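Same chain, two versions here, written out as structure tokens and called structure 1 and structure 2.
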Structure 1
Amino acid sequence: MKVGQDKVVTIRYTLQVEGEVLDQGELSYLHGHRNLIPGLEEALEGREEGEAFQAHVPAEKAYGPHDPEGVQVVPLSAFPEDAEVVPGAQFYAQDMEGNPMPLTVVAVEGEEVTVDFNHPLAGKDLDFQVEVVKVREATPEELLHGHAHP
């Protein structure tokens, strides 16, 4: 069975960015419902069960470009009372509506912390080694819920 719309697809993958392995695992996902980054989904379309391949996904088809508006300066007093506020530290946060807006610390100067609200992989090209392990039809329950089930 080939990867396509409304198939549940099981893949084994390794993610590398700029020569460094960032993640590895196995995933089952519902194909064609914006559940995967667009570029990888495009690369998987039409693949047969058992196929293995490499996929270089440009930032634009992955987590998008780095938005300069995402880099902001916030007061140090906004951070958890006894947290370590240093470059690379991550904190969850939300916007003025309530949508998830996690951040990464870029730099600290006195009581001012420069943070980045961009996705950590924004602007990065992603390299995947991928194996298609299984392809099956989605169940009605999966189609109604919009994602794969165990």
Structure 2
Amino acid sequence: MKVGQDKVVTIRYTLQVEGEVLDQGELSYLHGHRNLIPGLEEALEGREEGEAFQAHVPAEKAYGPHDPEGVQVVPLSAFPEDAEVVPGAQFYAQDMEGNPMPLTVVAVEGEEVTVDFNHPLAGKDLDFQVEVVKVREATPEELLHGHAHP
């Protein structure tokens, strides 16, 4: 069964950036519902169960550019009383919009905390070692939710 629209696809992957093996593991996604990054999805289109291949994914087809306006300074007092506010620490910001958006703490300087709203990989080119583990049809529930069942 070939990877295509509405197929639930399971992959084993290895993520590299400039030679650094950042992440490894296994996931399943619903194909053709914008759940996986475009580049890696385009590379998976038509593939059979068992196939192994490599994929280079530019930022454009990964997590996009790195907007410098995404880098803002916020007061240290705005953080939870008993939370470690250090570089790499992840939190959430929320306002009247009612939309929680995630951030990574970049630097802490006195009462000024520099945070980054960009995706951690925004601006990077990703290299992938991919193995197509399994390809099955999606259930009605899955199609209804537009996501694979974890």
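If you superpose the two forms and keep the largest set of C-alpha atoms that fall within 1.5 Å, you have the rigid core. Throughout, residue numbering runs from 1 along the sequence of structure 1.
Assigning each C-alpha to the better-fitting of the two rigid parts between structures 1 and 2 places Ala62 and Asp6 together. Treated as two rigid bodies, the chain shows a rotation of the smaller part against the larger of 10° between structures 1 and 2, based on C-alpha superposition. Comparison between structures 1 and 2 places the CA of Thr10 0.4 angstrom away from its other position, after core fitting. Note on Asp67: its Cα is shifted 1.2 Å between structures 1 and 2, core used for superposition. After superposing on the rigid core, the C-alpha of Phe91 is displaced by 3.7 Å between structures 1 and 2.
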